[PDB]
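Working notes for the structure below.
Throughout, protein chains are lettered first and strands after them, A, B, ... in sequence-line order, and every chain is numbered starting at 1.
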Amino acid sequence: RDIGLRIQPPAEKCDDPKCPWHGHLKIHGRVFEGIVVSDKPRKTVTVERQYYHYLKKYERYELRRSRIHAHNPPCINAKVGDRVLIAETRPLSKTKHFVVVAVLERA
Amino acid sequence: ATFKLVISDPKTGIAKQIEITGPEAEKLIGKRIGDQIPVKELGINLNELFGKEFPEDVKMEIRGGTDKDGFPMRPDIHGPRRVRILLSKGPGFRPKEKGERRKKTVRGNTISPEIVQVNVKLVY
Amino acid sequence: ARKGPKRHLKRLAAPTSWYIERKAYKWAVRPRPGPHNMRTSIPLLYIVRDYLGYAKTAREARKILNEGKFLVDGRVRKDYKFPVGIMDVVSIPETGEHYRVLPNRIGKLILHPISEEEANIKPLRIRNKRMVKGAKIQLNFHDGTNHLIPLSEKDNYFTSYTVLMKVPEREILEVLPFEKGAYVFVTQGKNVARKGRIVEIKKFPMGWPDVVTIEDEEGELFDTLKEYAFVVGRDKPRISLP
Amino acid sequence: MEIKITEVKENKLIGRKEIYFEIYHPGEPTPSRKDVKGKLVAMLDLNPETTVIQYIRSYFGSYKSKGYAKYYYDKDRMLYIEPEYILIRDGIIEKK
RNA sequence: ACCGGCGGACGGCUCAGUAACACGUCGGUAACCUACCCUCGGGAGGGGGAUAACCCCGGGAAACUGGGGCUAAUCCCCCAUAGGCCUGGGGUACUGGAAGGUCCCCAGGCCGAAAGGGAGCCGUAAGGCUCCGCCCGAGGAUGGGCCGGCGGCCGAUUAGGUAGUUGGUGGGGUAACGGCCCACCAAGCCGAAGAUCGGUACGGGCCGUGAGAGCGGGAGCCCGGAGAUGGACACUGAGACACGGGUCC
Ligand SMILES: [Mg+2]
Ligand SMILES: [Mg+2]
Ligand SMILES: [Mg+2]
Ligand SMILES: [Mg+2]
Ligand SMILES: [Mg+2]
Ligand SMILES: [Zn+2]
C-alpha cells in the first residue's frame with residue numbers, strides 16, 4: 001500500500017483506527033525526521049530535531065532544538081534513541097498533531 | 001372602591017362607560033378574569049345605556065382592567081399582587097422589533113380596590 | 001470584520017491587477033461574488049468608465065448599463081459590480097466592437113480587440129470533474145460554470161483539458177488535450193503572458209503541485225506551474241493572442 | 001481670440017459629441033461663455049439650444065485657455081443625462 | 001400613516017486589557033459554516049387562520065398601555081410529492097499523492113419545500129410575449145472558523161513548577177477536530193539552552209539618527225487584534241452574546 005511518501009510499509013498489521021497504514025487517519029502537510037527522546041506515555045513519543053540559527057549582528061551561529069509530540073502506532077512501536085519520520089495530521093490530543101510513519105534506523 | 005366600567009356589546013361593536021361605586025362595587029371584588037355574573041344582580045338600567053331592548057338574564061364576563069397607576073392586568077398571573085417581569089408578547093407589551101423582550105410592570109388576575117378600569121363584554 | 005462580512009474596499013487595498021489611480025479618492029468598488037476570483041477579474045464599472053471612457057461619472061455609467069448596451073459572453077449584464085475576468089468576451093453591438101480580456105506582460109488586465117467571428121467562442125479550462133446523481137459526469141470550469149455529459153464519453157475529458165464553447169448557447173464544439181506538443185498560454189506567475197509548446201511534465205510526492213516546461217518561438221525553455229498553463233491549440237493557437 | 005479645435009469624438013451610446021478646443025488671446029481677459037458658445041456654433045453649424053460648455057480653464061503664465069464642451073442630438077436626451085447645475089450655469093434653463 | 005421585505009453585524013471612534021497561536025511568514029482542513037452573486041439540472045399540486053391599519057370606549061402626572069367589532073397580502077399554519085440525515089449488506093463509476101469522500105442496488109427509521117406572486121402590451125374575448133420574482137439539488141465565488149513549523153522584550157536579591165495536571169480507553173457536546181467537558185485506567189508533562197513568577201507593553205508594513213556595522217521609537221495613513229462606565233448573561237438572525245437593541249449586580 002502507498003500513502004504518498006514512497007517508503008516501505010511496516011511488516012505487520014494493527015487494529016488502531018489512528019494508524020495511517022491500516023486505519024482511517026490521513027496525512028497532509030509537513031514531514032520531518034528526528035530522534036526519539038521519550039516513550040513513557042502509551043502510544044506517544046517525543047521527537048527532537050536540531051538546527052542552526054544565524055545571528056546577523058555577530059555573524060555567527062547558535063544551535064537550537066525543536067521538540068514535537070507524536071502518536072506511536074502499535075505496528076511500528078518506536079523506542080528511545082532511533083531515527084523516525086513523522087507527518088502532520090489533524091489534532092489528536094491537546095499536544096499531539098503528528099504521527100510516526102517509519103523507523104529509519106533502529107537503535 | 002370606585003370602578004369605572006367599560007361594557008362592550010359584541011354583536012354591534014359599540015361600547016359604553018359608566019361609573020359604579022358603593023355596595024354594588026363591593027360585590028365585584030374578588031372575581032378573576034373569565035367568569036360571568038348577571039347584570040341584573042349588579043343593578044344597571046342596561047336598556048337605557050344602549051337604547052336597545054335586551055334579552056332577560058343577560059350576563060357579562062370580566063375581560064380585563066387597569067389599576068390606578070396605569071398598569072394593566074395579565075390573565076396568566078395568579079393573585080392580586082403587582083409584579084415586574086420580563087415579557088416578549090401578550091397584554092402589557094407591544095414588541096416593535098423582531099425578538100425583542102423587555103421588563104414591564106403588571107397586575108394579576110383577582111380584582112382589588114386599586115383597580116380603576118374594568119373592561120367586560122355582554123354575553124347574551 | 002469583528003461581527004460579520006465586509007462591505008467596503010479602500011483604494012490603497014485594491015487588487016494589484018487593476019489599472020486604477022490609488023490616491024485620487026478614498027473608496028473603490030467592492031466586487032460582487034461571481035464567475036472568477038478576486039485576483040483575475042475587475043468590476044464592469046471600471047471597464048465602462050475608466051478603460052473605454054464612454055462615461056465620465058458613475059451615475060451616467062449606470063444609466064448606460066441599465067439600457068442593456070453591454071454584453072459579456074453574449075449575455076446582457078446590468079449590475080455595475082459584475083466581475084469580468086480572463087478569456088471573457090466583451091461585446092458592444094451598437095458600436096459593433098469586441099474585446100477579449102487578457103493579462104499583461106506585468107500581470108495587469110487589458111482589452112485585446114478581436115474579430116466578430118471569433119467573438120462567438122470562449123475557451124474553458126477543465127478545473128474539476130465529478131460524478132453526479134443519475135450517474136452523469138459534471139465538469140467544473142475555471143470560471144465557475146458547469147456542464148453535464150453522459151457516462152459514455154467519460155474518457156474524452158480530463159482535468160487541465162480545454163473546451164471551446166459556443167456562447168451564449170453553451171454548446172461544445174472542440175476538445176483540446178493536455179499533452180506534449182500542445183500550445184499553451186501562461187496566465188499567472190513570473191512568466192505571465194508568455195506562450196509556447198509543452199516539452200515535459202514532472203510530479204512530486206505528498207501533494208506538492210506539478211511543474212511543466214515550455215519552449216517558446218525563439219527556442220528558450222522555461223518552467224511554470226501546470227495549473228497556470230492554459231491550452232489554446234494543438235500546434236497553433238485557435239484564438240488571437242497579443 | 002482664435003479658437004482651434006483639437007479633437008472631436010462621437011459617443012453613440014450617450015448620443016452626443018464631445019469637443020475639445022483651445023483659445024489663443026494674448027493681452028485679453030478670459031473669454032466669456034456666451035462668446036465661446038456663439039463662436040463654436042458658428043464654426044461647426046450647431047443648434048445653440050442643445051450645446052453645453054463643460055468648462056473653460058486658464059493657466060498660470062499662458063496666453064491660451066483650454067475648453068471642453070458637449071453637443072446633444074436630442075433635447076430630451078440632454079435633459080435626461082446632464083446634471084441640473086450645469087444647465088443652470090450655462091443659461092439653458094432657469095433656476096427656481 | 002400602517003402591515004410586509006431588505007439593511008441596521010459594514011462604515012466611524014479609541015488603545016484600557018493582553019507576553020498570548022495576539023501578530024508576521026510558509027503550509028493544512030480528507031475535521032467546518034456562509035444571506036446577497038454566477039453556471040447547470042429539476043419543481044411550483046390541495047386546504048386553513050389570525051391580526052395591524054380603520055370604528056366604539058378607555059386607563060395613567062408621565063413613560064407606557066387595556067377591552068370589544070371588522071379586513072388583506074410575496075404574513076402565518078397544515079396535507080401530498082420532491083428532498084435531507086443516521087445505521088446495516090453488496091457493486092467498483094469519479095477526483096486525488098493518498099478515501100471515514102462522491103456514484104449505483106437492496107433494508108430499518110426519523111426530519112420534511114415553494115409565492116405562477118406582481119407589472120406592461122397585443123388580446124372583443126380566449127390566450128400569448130416580454131420585465132421583476134418563489135423552492136430543491138451539484139459546484140464555484142465572497143466573508144470567516146480551526147490547526148501546525150519557524151521568527152521578534154527585561155529580572156536569579158524569582159529554582160523548582162503542575163494534579164484535569166500529561167497520555168490512553170469509552171462517551172457527550174459542537175458547524176467542525178480537540179481534556180472542550182465527563183466515567184474509568186496509568187504516572188506522566190515543563191525546567192539553568194531559564195520553567196514558574198514578577199515588570200513593562202496592542203503586533204506589523206514603517207519612522208528618527210549614523211560612512212557603515214548598529215542604536216532608539218512604533219499616536220496620525222494601510223493591514224490584523226481588542227473595547228463601548230466596571231463585572232456577569234441571553235433573545236432574533238446567514239452572521240452578535242450587538243457603541244446610537246434587551247436583563248441582573
Ligand atoms: Mg460593529
Ligand atoms: Mg495599555
Ligand atoms: Mg410537511
Ligand atoms: Mg512594542
Ligand atoms: Mg490620534
Ligand atoms: Zn498500523
Item to check | cation_pi(B/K11, B/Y124) dist<6.0 Å, angle<=45 | outcome: yes

Using a 4.0 Å heavy-atom cut-off, does [X] contact any base of the nucleic acid, only the sugar-phosphate backbone, or nothing at all?
X      : value
B/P91  : sugar-phosphate
C/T145 : sugar-phosphate
B/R102 : sugar-phosphate
A/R65  : base
A/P41  : sugar-phosphate
B/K96  : nothing
C/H147 : nothing

Next on the checklist: How close do C/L12 and C/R22 get, counting heavy atoms only, and between which atoms?
Outcome noted: O-NH1, 3.7 Å

Item to check | Closest-nucleotide ordering on RNA chain E, the 5'-leading residue of B/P72 and C/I137 | outcome: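 Whichever sits nearer the 5' end wins; that is B/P72.
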
Under-3.5 Å donor-acceptor pair between [X] side chain and [N] base:
X      : N       : result
B/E97  : E/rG8   : yes
C/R39  : E/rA141 : no
C/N140 : E/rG140 : no

Checklist entry - Both distances under 3.5 Å, Watson-Crick or G-U wobble: does E/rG188 pair with E/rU162? => result yes

Next on the checklist: With E/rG227 and E/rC13, is there a Watson-Crick or G-U wobble pair, both distances less than 3.5 Å?
Outcome noted: yes

Checklist entry - What pairs of residues pass the ring pair (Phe, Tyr, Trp, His ring centres under 6.0 Å) test when at least one of them lies in residues 60-91 of chain A, not counting sequence neighbours? => result A/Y54-A/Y61

Item to check | Watson-Crick or G-U wobble partner of E/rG96, both distances under 3.5 Å | outcome: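 Paired with E/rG96, as far as the under-3.5 Å criterion goes, is no nucleotide at all.
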
Checklist entry - Taking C1'-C2'-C3'-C4' as the guide, is E/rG116 a north (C3'-endo side) or a south (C2'-endo side) sugar? => result south

Item to check | Same-atom distance (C1') from E/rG218 to E/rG204, integer angstrom | outcome: 10 Å

